[PDB]
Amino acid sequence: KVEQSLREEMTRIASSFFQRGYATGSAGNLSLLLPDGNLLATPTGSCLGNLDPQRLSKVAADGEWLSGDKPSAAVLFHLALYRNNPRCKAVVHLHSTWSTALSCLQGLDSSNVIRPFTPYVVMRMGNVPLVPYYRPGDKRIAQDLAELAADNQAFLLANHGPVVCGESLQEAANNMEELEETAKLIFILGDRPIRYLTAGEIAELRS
């Protein structure tokens, strides 16, 4: 069954994030779009490193909890991204160290939080806009993500972490990994004179 292999892929990818330090405790959740249009999401209060595939949540496009354990409360803004971007087929939301660290900085650019010095995040994602800080579970987190969903596939929630989309769970996972990697390079480079990509070198990647 295709749904069974999708549940195992989510379990497998979730465990990978947990063992490699991307996921911290019960902080985070993943979701993908099944062929029929329904959602497959990690349940609430679930450690990403030991997920039960047959207990993964199943939510309809309108938000109706269909089967599996209770979905995570963060699924509310997962649905906002699917409803405003037809090319979004999977959402990866983690509180990875360096992306969450970047999101806690004053004077960030809410249109694109990283200035590119490597070509990969511009090629895969482009602009990473900043979502304002709200209490976890706030209505305005999902409402803001719905405004930016049509023309962005990655987002940085302030004092929270990144939220990355993709046309497949593997793609959204890889995109999340390159975003967290780029934020990690920002802090590593620090005050050193970085050779940023010039405006012309950026335009060659937007194609």
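Don't overthink the numbering: it's just position in the shown sequence, from 1.
Entry-level comparison of average CA B-factors, 156-164 and 139-147, reporting the higher stretch: The recorded data point to 139-147.
94-102 set against 121-129, stretch whose average Cα temperature factor tops the other in the entry: So the stretch with the higher mean C-alpha B-factor is 121-129.
Ranked against its chain, the third holding the CA B-factor of residue 198: Highest third.
Residue 8 - Cα temperature factor, lowest/middle/highest third of chain: Bottom third by C-alpha B-factor.
Third assignment of residue 182 from its chain's C-alpha B-factors: Tercile = lowest for this residue's CA B-factor.
Residue 61 - which third its CA temperature factor falls in, relative to the rest of the chain: Highest third.
Residue 42 - Cα temperature factor, lowest/middle/highest third of chain: It belongs to the lowest third of the chain when residues are ordered by C-alpha B-factor.
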